[PDB]
Every structure is written in structure tokens, then in C-alpha cells.
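[1] Test case, fold it:
(chains A, B, C, D, E, F, G, H, I, J, K, L and M, ligands or ions: 45)
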Amino acid sequence: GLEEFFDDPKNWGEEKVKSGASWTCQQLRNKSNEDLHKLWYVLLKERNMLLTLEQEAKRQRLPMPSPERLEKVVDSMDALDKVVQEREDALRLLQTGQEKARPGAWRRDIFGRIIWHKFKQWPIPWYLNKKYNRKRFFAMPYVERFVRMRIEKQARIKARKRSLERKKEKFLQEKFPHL
Amino acid sequence: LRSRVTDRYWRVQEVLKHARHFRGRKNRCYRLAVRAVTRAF
Amino acid sequence: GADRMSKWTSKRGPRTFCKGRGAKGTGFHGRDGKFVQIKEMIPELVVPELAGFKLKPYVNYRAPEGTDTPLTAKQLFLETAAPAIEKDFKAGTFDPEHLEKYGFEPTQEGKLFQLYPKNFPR
Amino acid sequence: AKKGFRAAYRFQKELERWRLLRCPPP
Amino acid sequence: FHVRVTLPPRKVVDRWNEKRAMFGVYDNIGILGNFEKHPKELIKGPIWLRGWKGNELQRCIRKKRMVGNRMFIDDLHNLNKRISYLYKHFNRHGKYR
Amino acid sequence: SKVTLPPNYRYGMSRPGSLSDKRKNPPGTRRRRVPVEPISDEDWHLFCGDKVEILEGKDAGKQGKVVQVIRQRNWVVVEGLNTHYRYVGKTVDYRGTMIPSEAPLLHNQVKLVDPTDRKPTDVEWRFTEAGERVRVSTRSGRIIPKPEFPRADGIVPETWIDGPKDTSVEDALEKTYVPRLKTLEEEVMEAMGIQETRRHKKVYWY
Amino acid sequence: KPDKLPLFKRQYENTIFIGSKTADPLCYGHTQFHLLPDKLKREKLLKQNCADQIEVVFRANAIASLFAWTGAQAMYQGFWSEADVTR
Amino acid sequence: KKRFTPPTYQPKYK
Amino acid sequence: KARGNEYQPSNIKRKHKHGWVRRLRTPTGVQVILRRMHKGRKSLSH
Amino acid sequence: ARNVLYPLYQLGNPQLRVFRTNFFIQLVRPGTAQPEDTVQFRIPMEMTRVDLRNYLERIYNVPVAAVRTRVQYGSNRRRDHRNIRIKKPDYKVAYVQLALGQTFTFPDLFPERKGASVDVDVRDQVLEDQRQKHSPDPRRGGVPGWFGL
RNA sequence: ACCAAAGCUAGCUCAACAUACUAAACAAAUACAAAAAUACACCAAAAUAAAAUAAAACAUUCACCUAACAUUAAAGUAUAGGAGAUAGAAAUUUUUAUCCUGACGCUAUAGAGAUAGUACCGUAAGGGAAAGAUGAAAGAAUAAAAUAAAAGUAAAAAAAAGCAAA
RNA sequence: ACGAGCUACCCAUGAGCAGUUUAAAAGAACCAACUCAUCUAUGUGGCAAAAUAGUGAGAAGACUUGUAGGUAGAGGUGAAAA
RNA sequence: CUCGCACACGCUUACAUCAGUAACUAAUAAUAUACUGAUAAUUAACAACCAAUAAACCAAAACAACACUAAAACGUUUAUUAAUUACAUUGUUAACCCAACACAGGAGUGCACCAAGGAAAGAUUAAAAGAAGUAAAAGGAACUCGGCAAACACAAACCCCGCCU
Ligand SMILES: [Mg+2]
Ligand SMILES: [Mg+2]
Ligand SMILES: [Mg+2]
Ligand SMILES: [Mg+2]
Ligand SMILES: [Mg+2]
Ligand SMILES: [Mg+2]
Ligand SMILES: [Mg+2]
Ligand SMILES: [Mg+2]
Ligand SMILES: [Mg+2]
Ligand SMILES: [Mg+2]
Ligand SMILES: [Mg+2]
Ligand SMILES: [Mg+2]
Ligand SMILES: [Mg+2]
Ligand SMILES: [Mg+2]
Ligand SMILES: [Mg+2]
Ligand SMILES: [Mg+2]
Ligand SMILES: [Mg+2]
Ligand SMILES: [Mg+2]
Ligand SMILES: [Mg+2]
Ligand SMILES: [Mg+2]
Ligand SMILES: [Mg+2]
Ligand SMILES: [Mg+2]
Ligand SMILES: [Mg+2]
Ligand SMILES: [Mg+2]
Ligand SMILES: [Mg+2]
Ligand SMILES: [Mg+2]
Ligand SMILES: [Mg+2]
Ligand SMILES: [Mg+2]
Ligand SMILES: [Mg+2]
Ligand SMILES: [Mg+2]
Ligand SMILES: [Mg+2]
Ligand SMILES: [Mg+2]
Ligand SMILES: [Mg+2]
Ligand SMILES: [Mg+2]
Ligand SMILES: [Mg+2]
Ligand SMILES: [Mg+2]
Ligand SMILES: [Mg+2]
Ligand SMILES: [Mg+2]
Ligand SMILES: [Mg+2]
Ligand SMILES: [Mg+2]
Ligand SMILES: [Mg+2]
Ligand SMILES: [Mg+2]
Ligand SMILES: [Mg+2]
Ligand SMILES: [Mg+2]
Ligand SMILES: [Mg+2]
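    Numbers count the residues shown, from 1 in each chain, chains lettered A, B, ... in the order given. Ligands and ions are numbered 1, 2, ... in the order given. Shown next is the protein structure:
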């Protein structure tokens, strides 16, 4: 079972090894859950094979045979992922109605930034947890000043990005006065 | 409105032309040359 | 002046510094000081039999793509619960109290794979 | 870069003079 | 002192473009207009400078009074320091006393 | 693979991720920005493969097929028309194969030609009654097709033969989906007959 | 290389020791009894998909231990690399 | 006093 | 006697004195991090 | 599986299962001599010993006797034109050893076709003949040989 | 003849408007020695700003000096002050919409520090750079085209005597 | 604000001290490792922003030394040399 | 001619193989452990990670017989509970670190004094002055602030000041 890492020996020395197009999402939405589950492994074995071939090409100082395959496969798997994800995220929207599969909260950290805090699994409840308890979600009063600075800095950047674009227009209008 | 001196070249030449026939670095460098030319006149 | 920029890794410190590269713990430290693995923490790969099945890593080129419709909670509602609900309202057997026959689940804590706290990796 | 025509033009005259000094026209 | 070797593209300014041709049109708006609007109203610009003028010290002082609380931190701080410097300079330094 | 280009960059007809390109403009090159007349993607009337006429240059009044367009610098390439000559094969003793090469053209120097009378024309985008968007000539008042063109792969779908690892049209288009409310996990585990009893103890999230 | 066995290099005092110091009147070996450590149980090896190894583990032990022992005895009698061995 | 001026290097990029 | 070798490297000392945790354990340290963030430093702390 | 959350395990929990594994694997040729028992992989950083064993056995049906891993450190030394450091990424290497006495050998993936190499030597002899044809005639002394007379 | 020289762009500056004001990106990991899934706790807090300086010293005093209320005046007036330097009101008054947003602002030693808070320098807080120029096309490098003008040299060592010239 | 990774003094915790002489491991003696830095010559943009060569003083102690921790500038620490 | 091998701390691929070196690193070449590119690599048995609560114990380390004074680091057992189930995770290269340098300097421990490591001289010539050494007739401090330095000497006495380490 170790040869599944290599292409059929018929293909070994050859420059171009042709191949089909990657799976579209659409084509996968038609398949059942079981068949996706299988196709995942079919794609996996091929991806392993291709990665092996890739590295082995680098080793021999030779160009890899038809490198494009590796792209296609990836996309396929990627596409497959995107599909299965949908069917879950749709489903939970039905059952629970939460948009995020991981529990989380909007919090304000020490630095006064507004952060999205992902939660973590613990065997004990939060008020009994040493490590967690010594984090601080809140800002002290001094932080306020810095927050202001942040805004201002941001505002400046935006301000002079805008002025740039405006200028680029004027220039072009005198360069190409076809109006 | 920033104004720079564009023609500085000619300003220099009006001094240096009198210094061409001097010996040494007096005939090149505007500093030394300016002094030597004034002494010449 | 040491090194500020390069990331902090187990290779860098003293003997006393061991920081994993992010693999997940399979167990705990036992009585003898020896390490104990918990068979339940080790991921069991579920692999289907691929032999008798026809699908391939690539697709024929003349085979068409299709108009792209992202699956929505609505479409999934209509392909599943809508025929059944319509069948049982048209027969007047519809019961707004218990929707469980249609596949709705009131709470997730009973079943093995729960959706919202998300019990399963993949 | 310095913004103006004047010095550029005035220099064009010098360029011409040197061009005539190095190759005299028949 | 090297001077550019190439003639710049000759810039043609048409004096008859819209903004130049219409220039200074409503400047007499008070006199001819049965005084209602004073020519000040025609001034486009910074809020603290419309229809008003003053030496740099007065200028800064006024900018701070008017828009001071809408200013960014660094700019407000710089404005204060500028004012202190100008104050000290104008009041305590000079030839003429 | 997506190669990210520096903010200021020149487009030299060489494919941006290629040896010709890395050799022309190495990692640190920042050159003068070439002013380019901005054109919305919906005002762009020139595609590849359509017969066009050249209004400028040493070859003018001629007509040719557009091979490549470079949208960043607003360019077309009409094969074997706008031309200058260059050697390709090289070694110390041998300069081989002088090849005619194409200089790109701005879209101001090239007018799109309507099929019927082979004259140059001013193309304008129109919406017809079928919900279709076509190019319509201003002068002649006709609609101009769009140039169906081969693709970068050199693979034509009509003539094709399935290899060992290709899936047939039949099995690919087949719909096996039965839209029911279980997840992939529940489905598969039910299908593989895998039997699980125990449930998870309460977990605290924060 | 022996490294791929795996084996590891280290450095510390090199001892030749028989189970007793040279000054001891009992210089010779009779038999050794080796109890196999826990990791090497037939059960554990059967779980690791090592069947044949069951035998190997025994062999190896003997081949090392005994060698060492005998070797040591031999060097207590003054034999070594350049004196080889008479009996 | 003991007066001493510590030498200052130039930037390495030069 | 001879000087300039004043820096004798230790990773434990480094990270105890100047590390992230140390900077977050006091208000002043947090103000350090904040200043560096403001200036846009690539490395906020050791 | 990697980059994904795992359910916290407490006593008497369900067996953890991964239905679609995230991992990926390169079979690589050893840089040093290795016993025939031994195969060598490059795996993702987060994959455990046990993981790889199960992976091999279940997906590929390989009889694995023993697995050892190490983490190879990629050099941070090479500098950008900006003098910023470039990092060749770290990676994990796995040595596996096969159970039933099965011997592996890393196959040659690039055998050369003799017809294509003979066509290469013939194209090189033809190119050398063309460069010998264009080469100037010693006795002409640099007079262009285009003109008849 | 070398070394060199020349570009006009990258972007900036100041205001106007404006909604309203912590950008972008988050799969995992991040406050263990940040980026290390997983165990019984602790957690948190506030006190007038000071001085350099002005008073030709310095001792009370010394506008502005990280507290929204603008504008025309009342007015530098009443007042307050080692009654010195200086500081300084109010009552009371005035204020007409919205569009016409740009530039007698900079052009690579300038304009932002910025190609970048990066390199590099500091144990740390912190400090903090320099640098670009071909053309329609270089998928036109036996490559084609317009400065050859700074000091420094070379082409070309010197020949009594002297602020080097007149 | 930041600094005790140098150095001053502490706290924890480790580590070294061979030969000779002596009833003795006695802030004894001779003399290495080790620690200091006496006198001279070199060196003085140096090998070195305090070194090299010789020569010296201590060398079971108020000794040397590793690792981790502490004390912070109106301060600390100090067998006081500000 | 002799600072060797290893570990800790630190450094972070500078290590290895093949190839290249016009120029870039080496204060110069040859060529390459240090420049350039490509490709590889350190595999756990060593090391890190690796239980709590009660209860009995006055009795030093010093070859420990027994003691000294300054009174001394280092654990057994009993009881109560401790998920029980192959293979967890992580360190493993180097000619290396701190001194702006490929710096005669600074750097803990264990074993060694060679079995391991290394090269004082790019090639000449054989001037002065300078540095470092060996030898020196007769004399022996006459030198000099002072026997400083040097010596085939390596001894004796007396003051001042501080008791002493
Ligand atoms: Mg640093
Ligand atoms: Mg470590
Ligand atoms: Mg280490
Ligand atoms: Mg184990
Ligand atoms: Mg220093
Ligand atoms: Mg390991
Ligand atoms: Mg005063
Ligand atoms: Mg004064
Ligand atoms: Mg005074
Ligand atoms: Mg004050
Ligand atoms: Mg009074
Ligand atoms: Mg007075
Ligand atoms: Mg600048
Ligand atoms: Mg600058
Ligand atoms: Mg010159
Ligand atoms: Mg004369
Ligand atoms: Mg300390
Ligand atoms: Mg002793
Ligand atoms: Mg003694
Ligand atoms: Mg010495
Ligand atoms: Mg001597
Ligand atoms: Mg000595
Ligand atoms: Mg002594
Ligand atoms: Mg003594
Ligand atoms: Mg400390
Ligand atoms: Mg004081
Ligand atoms: Mg004090
Ligand atoms: Mg002391
Ligand atoms: Mg005193
Ligand atoms: Mg004194
Ligand atoms: Mg270093
Ligand atoms: Mg190398
Ligand atoms: Mg060299
Ligand atoms: Mg080693
Ligand atoms: Mg020499
Ligand atoms: Mg001499
Ligand atoms: Mg001599
Ligand atoms: Mg002598
Ligand atoms: Mg004599
Ligand atoms: Mg005398
Ligand atoms: Mg005398
Ligand atoms: Mg002496
Ligand atoms: Mg004597
Ligand atoms: Mg004597
Ligand atoms: Mg004394």
C-alpha cells in the first residue's frame, strides 16, 4: 500500500501528464454526504502523491511534471470543504440559530481595543479558574487617551488617502482631456 | 512658495572666467578663486 | 543583543523550556511518572471503503459547471420540512407544540454531535 | 528639479556654444 | 550647480478658462447689491480666517479659541507650544522695545 | 498561485511572475508611474480575437486579429502587424533566428471593425430586449459579435479523452443528494454502522 | 551508521567492571539471570504489530549482556585488544 | 575631574 | 578591569525582566506597550 | 486533524473521531543511508507519532512497526534586498519502520528515455553544425560573404 | 576620458466638507517565558501637576500650559498685583440658509521620520536611517538615443626668486 | 517612565580547593589550580574605550564561583573611596 | 609548538553534500568552517515535562569508629484517596558565546596532559633607531630620587606607622 504515494510507473519519466478539471462547488452540492466523505479520501491520496512528486522533483533539480495538477486538486478539496461547511452552517442556523460555531463575545481588553474573544473549553467554571481570572477585560482610565490617539492617527491616514485619489484625478484630466 | 536659485552656474562663471590663468587651486574652486580675483582687480 | 524578532520556540531557551509545536495532548502524567495515553483522546480516523466506488480526483473537461447557488437555511428548510409540514397541515394533523417529527431539535445537549457548542472537529 | 523655463533655455544656449567649439561648422 | 539639460514641456495656460474669466465677479456685491451681503461672505477658507487678518501670534490665538476643541492632540499641543513661543518672542525680544 | 506585486510597478508584456520580468524589474525597482487613462471595466470594448484596424504607426489602415490585451496599461497586440525585429537564439559564435516581434498599441490607435463592410467603427455598449449586452456600431448601426477565442490551457472540450483519474460526465452530473437534516458526521457514522453510546460531560465555555 | 538503529553517542567514564572489583578472588562468571523490563512484554509487542520481535528482544539481551560479562572477565585476566585471548 | 569622551560608531549600513 | 562585556545573556532573565507578561502585570508596563503600539513597533516586547 | 478545535475530554466521554482528516504527507528520499525497514516522511508540524501511525495503517494499509519524529529547523539567515530576514519554514520529519519484514526502496521517478536523449545529442550535433556553418571563413578575412561579386 | 551630470514621478502639506470616531484581517494560537487546546479561585486601587522661565538676583507673584462655548464690541476698561514684572473680567451688545473645494503649497538634502517606525543602535524605556530615475515596446542588451559642464584625477612631473598675482 | 544580565550588598540554591608541613582545615606555614593586581618594561587610534610579558600578594577562608530572586535616583547599596 | 574531549548557559543553521567564486566575506592570496546557489539534516534509552493530605522520627556532613563548634544541603515508612489505557510532547547541527572585527581580552562544571589539538616565518636583505633575549675582560652600586631594572645572589640587622588575616 506504499505505492499510492507515486504515480503509475507508466507515467514516471514523462514531461506532460494530462488531467481533468477540478470540481466546481456546484458539482459537489449534488453529491451526498457519504460520497463527499469518500471523495475526500480519493482527493487526499492524490494530494499526497503530488506533494511527494513535487519534493522529489526539487531533489533531482528537474521541473515537476505538469505542476498544474497540484493546483486543481487543492481547489477541489478546498471547494469540497466549502460545501460541507455550508451544510453544517445552514443546518445549525435552523436548529440553534447561532451564526458562529464557536461561542464568543465582544470584549474590551487592557489596550482599549474592541476585540472578539473566542471561548475556550474548561473542566471548571470561570470563577474557579486561576489563569483565566487574571486576564483583564476592561480598560483603565489612562487608556482613554491612547484610544483617542488611535482614532486620530486613523483619521489622518484616511484623510490623506482620499486627497491622494482626488489629485490623481485632476492630473489625469489634464493628461487626457477627451471630455 | 519656496524659491531656489536656479542660475547659480552663471553667477559662478562671472567670477571664474577671471581666474582661469591662475596657478594652483585658485583657478577652480570658487572660494579660493573669488578671493584671488578680488586681489587681482 | 539577543534576538527580538525571531519567534520564541522550544529550540531557543534552557533545558527547562519545553513548548510544544502545537500538536494536541494525548494523555496525562501517571503515578510512576511515566506517561499515560487515553485511547479516547487519540483521534480515530474514519475511513470508508473506496474500492467499489466510482469517482475520481479530477473531472472531465466537457462536463458542464452549473449556475452557482450557495445553500441557504431557507432552501434546506424547503427541501426537507416544507413537504412534511404541508402534508400534515393539509390533513390538519399539524401540531405547533411538537415539531420534532419534522427533524427540529429543541436542545442540543442530548445528541452526540451538537451543532452550536460544536462538539466535533471534522 | 527646480521649476522654471529660464535657466533651462539660457543653458541651451551654452550647449549650442560648446557644440560649435568642439566641431566648427564649415 | 548643474542646470537641467532639456527644455521643459512648454506649459500653456489659457487665461480664458472659466475660473480666470469669471474672476472677482461679485466683489462689488455690497455696493451694487443694496448692501445685504458684505464681500466677506465670498471668502472661502478656514473657519477662523474668513474676513479677518492678523500676525502669526494673533492667528494662532484665534485658531485655538475657535476650533481648539475640535483639534487632534498632537496639533493642539503643537499649537500651544507655538503660542507660548510667539508670546515670549514678541513680548520679550527684538531691537526696538 | 497569487504573486503580489509592489504598489508601483511597470507592465512590460512579460507575465509578471516570470524570469523575463524578474530580470527586467528586480526586487527593489520603483520606476516613474506611467499615466494611464482610467477605464471602467464596463466601458472596455476590446477583447481578444476580434478584427481591428490600426489608425497609427508605420502600419496603418491595416487590419488584424487581437491576440493579447493588457488592461493595466490599456494595450492590445495585433499579431504580425505593429512590428520591429529581434534575435532570439544566442550563443557566443552564433546569433540565431531574427524574429518579427509585436509592439503593443494603446486603445486610441485601434478601432474595432464590424464584420459586414470591413470598415473601422465606433463601438458603443447597448442593452437589447432579450437581457443581452452587445456592442453596437455608431456609424453603421449594426451589432458586433464577441470573439470566441481559445484558452490558455490549449485544451478544447469538444475533442477530449478521459484518462484513468478523470471522472466521466455521467457520474459527475449525477445527483445523489437527499437534503435531510443530519450532518456529515451523523450520516457517515450511521452509514458505516459505527455504534456509539456515551455522551459528553458538561463543558464550560469562556 | 549505528545511529539509525537508533543509538546515541554520549561521553562519561568508561568502565570495565565484572560485577565486582579486580581485587576480588571470584573472577569468573557462571550464569546470569535477566528479567525483561515492562516495555518489552509479549503483549505490548503484539499490540505494536511486532510479531517476530518477541524472539529478537531475547537474543539481543543475551548477546549484549553476556558479551560484556565475558569481555570484562577476560580483561580482568589482563587480556585485551593487543594481547587477544589464550583460552 | 576625569573627562572622557566615549567613541561613537557610524551606522552599519554605510 | 576591561569593560563592554556588560551584557551576559540569559533567556530566563530576558523574559522575566522585559517579557510580555511582565509588561502586562503593571499599569506602567501597559503604558509602555501602548506607546509602542502607537508608534507602530514591529516588536511590542521581548 | 489540524487547525481545528478538539472536544475537551473528561472521564467517560465518547471516542473522538475525525471524519475528514486535514493532514497531508510527503514521502521523501532520505539524505543519509537508511535500513530497508525505514521509510521517511515530511508531515505537518502538529501531527503526533500516533497520528501518523494510524494515518498510514488506516488510509494506506501499511503495516507499521515503529515511528520516530524530529523537528527540522529552517534557516532564518538569508536576507532580503531590504535586509529583512527570510525564513525557510520549520518542518517535522518522521521515520517509520515496517512490520512484517517488508522492505521498501525509494523508486527512481525520473528514468531517461534513450530516444529523447539520442534526439538531444542529434539536435546538439545539428546546432553545432549550424554554428560551424555560420562561422566566418578564415581566408575571406572579414569580407561579407553575401555578395556573389 | 574617468568619476560624474540631468529628468518627474512616488508621495506629501494645509484647509474644506462629511458622517459621526479605535482601519484592515481573524481558521487555529495568543496575558506559562504572548502566540503552548484541557483543573478549585482570589481580585484589585485612588492624593492639587511641577519646574526651566519672567521679575535683568530672588524668596509673594510669572499669560498659554491636554479642564468644550464661538464671533463683533464693551476693553486692555473695572479690577488684581513684592500696587513691581505682569495679570484681567462682566453686565450689556453683534453674528442668514444650502450648493459654487480647493491651493501666488512641496517635488527625492524639499514635502511626512517614512520605500519604514523597517534596517540598524540600545539590557530596557527609547533612538532611528539611506535610498527612485532608458524607451511606445527590453516578448527592441552584435542594444538604440540627447549633458560630457562641480571638486577629484587623466590626456601632460619639475627647472633660481618668494600670499603667486598685477 | 526604564534600568541590579555590569557592579555594591543581600536571599535562596548548587560547585570547587591537589600536593607538602603540622597533635590541628589553626581568619598558622610552603606552593599549584583558582582569585587578586605589587613593581617594571612594552603598548598609548593599541591585541585591548585598561591589554601583553615578566614579577608579585592570598590560596579551608571575613575564600573563590555558577544559577534564580531582591533593593531604584528626593533613591538604593556602601569593611567611607563621597 | 602544545588549553584537549564533553556538558551547562548562550548562539541560532553560521554545520553537511554537490557546484560556483569576475566582484562581494577572510584585513593578502592559494581555496573555502566563515562569501553565493542548490540540495539535504539532529530519530530516545540521555534531558525537560513528570501526586496531594494526615502521622511517627531530638541525635550533622567530614573513608565516620566517634567527636569538634560556626550546630549543618540531601527521606523513609504507615494511613486516606490518587483517571489505568502499546506508541505523548519537546532539546539533540556547528569551527558557535560576551566584547562594533574571523578581537593576544571575559567566560561555570566533569574528565584528561595526549592517544587529542595545532603552526612562531608571503619572498628577500641583514643599515640606523626601537622592542625582546643570551654572553661579557678588570671593577662591583662608583648608577640613580631610590640597587628602578637586572643578577652565578635569593642572606642578615635597625627604625617609623599600623597589632594581626
Ligand atoms: Mg536589540
Ligand atoms: Mg530549550
Ligand atoms: Mg541548550
Ligand atoms: Mg510512554
Ligand atoms: Mg554597551
Ligand atoms: Mg525526540
Ligand atoms: Mg529671573
Ligand atoms: Mg535676559
Ligand atoms: Mg539666576
Ligand atoms: Mg507655571
Ligand atoms: Mg494688597
Ligand atoms: Mg522690583
Ligand atoms: Mg525625505
Ligand atoms: Mg528623512
Ligand atoms: Mg572637472
Ligand atoms: Mg617673481
Ligand atoms: Mg545580579
Ligand atoms: Mg589543601
Ligand atoms: Mg593560611
Ligand atoms: Mg600578569
Ligand atoms: Mg626579563
Ligand atoms: Mg604568577
Ligand atoms: Mg605566597
Ligand atoms: Mg604570608
Ligand atoms: Mg534581578
Ligand atoms: Mg537639590
Ligand atoms: Mg543617598
Ligand atoms: Mg565590600
Ligand atoms: Mg574619608
Ligand atoms: Mg574626599
Ligand atoms: Mg551573534
Ligand atoms: Mg556551508
Ligand atoms: Mg579577497
Ligand atoms: Mg553536539
Ligand atoms: Mg613578514
Ligand atoms: Mg638594531
Ligand atoms: Mg639590548
Ligand atoms: Mg645575563
Ligand atoms: Mg663584567
Ligand atoms: Mg651614590
Ligand atoms: Mg652621582
Ligand atoms: Mg627589583
Ligand atoms: Mg636582594
Ligand atoms: Mg641580598
Ligand atoms: Mg595593616
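[2] Which strand or helix spans the residue of chain B found nearest chain D?
    Chain D sits closest to residue B:6 of chain B, with a gap of 4.0 Å, by CB to the nearest CB. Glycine gets a C-beta too; all of them are placed from N, C-alpha and C. Secondary structure assignment for residue B:6, by DSSP states H and E: no helix or strand.
[3] Surely it touches residue D:6?
    Yes - contact criterion CB atoms under 8 Å: residue B:6 and residue D:6 qualify, at 6.9 Å.
[4] Looking at the two, which one has more neighbours?
    Applying other CB atoms under 10 Å in any protein chain shown to residue B:6 and residue D:6 shows that residue B:6 carries more neighbours, namely 19 against 10.
[5] and the longest helix for chain J?
    helix J:114-134 (DSSP state H).
[6] And residue J:98, how close does it get to residue D:26?
    Using CB to CB, to the nearest Å, residue J:98 is found at 94 Å from residue D:26.
[7] dump the residue contacts of residue G:78.
    Not one residue lies near residue G:78 by CB atoms under 8 Å, 6 or more residues apart in numbering or on different chains.
[8] you'd agree it is in a helix?
    No - Residue G:78 is assigned coil when assessed by DSSP: H, G, I helix; E, B strand; the rest coil, not a helix.
[9] Make sure residue E:82 is actually in contact with residue E:59.
    No - contact between residue E:82 and residue E:59 fails when scored by CB under 8 Å: they sit 9.9 Å apart.
[10] Identify the contacts common to those two.
    Common neighbours of residue E:82 and residue E:59, using CB under 8 Å, 6+ apart, do not exist here.
[11] Could you pull out the strands in chain I for me?
    Counting by DSSP state E, chain I forms no strands at all.
[12] Nearest residue to the residue nearest to the spatial centre of it in space, ignoring adjacent ones along the chain?
    For chain I, residue I:18 is the residue whose C-alpha lies nearest the centre (CA atoms, centre = their mean; 2.8 Å). Excluding the flanking residues, the one nearest residue I:18 by CB to CB, 6 or more residues apart in numbering or on different chains is residue I:46, at 4.2 Å.
[13] Would you mind listing the residues in contact with the one you found?
    C:2, C:4, I:14, I:15, I:18, I:19, I:20.
[14] what residues does stretch G:80-87 touch?
    G:74, G:79.
[15] ok, that stretch near RNA strand M or not?
    No - shown here: stretch G:80-87 not in contact with RNA strand M (CB under 7 Å from any atom of the strand), separated by at least 10.7 Å.
[16] got the end-to-end distance for that stretch?
    For stretch G:80-87, the first and last residues are 13 Å from each other (CA to CA, to the nearest Å).
[17] Show me which residues of that stretch are buried.
    Counting neighbours by 16 or more other CB atoms under 10 Å in any protein chain shown, one finds that stretch G:80-87 has no buried residues.
[18] check contacts around residue G:44.
    Going by CB under 8 Å, 6+ apart, residue G:44 touches residue G:38.
[19] Then the one 5 residues further on?
    Counting by CB under 8 Å, 6+ apart, residue G:49 touches J:63, J:64, J:65, J:99.
[20] any idea how far the spatially closest residue to it that is not a sequence neighbour is from residue A:12?
    Once flanking residues are discounted, residue G:49 sits nearest to residue J:99: 4.6 Å by CB to CB, 6+ apart. Per CB to CB, residue J:99 is found 27 Å from residue A:12.
[21] Which one's more surrounded, these two?
    residue J:99 (19 against 16).
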